[PDB]
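These notes are about the structure you will find just below.
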Amino acid sequence: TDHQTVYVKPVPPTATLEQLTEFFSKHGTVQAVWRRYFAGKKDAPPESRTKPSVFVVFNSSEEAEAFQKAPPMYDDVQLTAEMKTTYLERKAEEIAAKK
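Everything in the sequence shown is counted per the authors' numbering, starting at 12 for the first residue and increasing by one.
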């Protein structure tokens, strides 16, 4: 089983779903996009990660790697995409300091 997920900065209140999708198709091919945030409703510590960041999954392998490396860069709105490796290292170091 293979799973791929990219992390990209959130969108403004003006950017609608229709606008986001349209612009996307205009440049770059993405499979699907989604975002969630765990508020926490238990007596346990924060195990999951809840951030405003959005998750995007590319369908094309080539386009997937291309986007993963660097952002799309759009004059209209500045896009900021991160790599899975970077995030993994971030959390890894974080927990390291705690424990």
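The C-beta atom is built at its ideal place from N, Cα and C for all residues, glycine as well.
- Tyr98 carries a helical assignment under DSSP once its states are collapsed to helix, strand and coil.
- Spatial neighbours of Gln79 in its own chain (CB-CB distance under 7 angstroms, excluding positions within 5 residues in sequence) are listed in chain order as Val17, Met94.
- Closest in alpha carbon position to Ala92, among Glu100, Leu99, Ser64, is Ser64.
- In the three-state scheme derived from DSSP, where H, G and I count as helix and E and B as strand, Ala26 is classed as coil.
- Look at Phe49 here: in three-state DSSP terms it is coil, with no helix or strand label.
- Note that the region 14-29 touches the region 94-107; at least 3 beta-carbon pairs, one per stretch, sit closer than 8 angstroms.
- By a beta-carbon distance limit of 8 angstroms, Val44 contacts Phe66. Their separation comes to about 7 angstroms.
- Beyond the five residues adjoining it in sequence on each side, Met84 comes within less than 8 angstroms, by CB distance, of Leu90 in the same chain, given in chain order.
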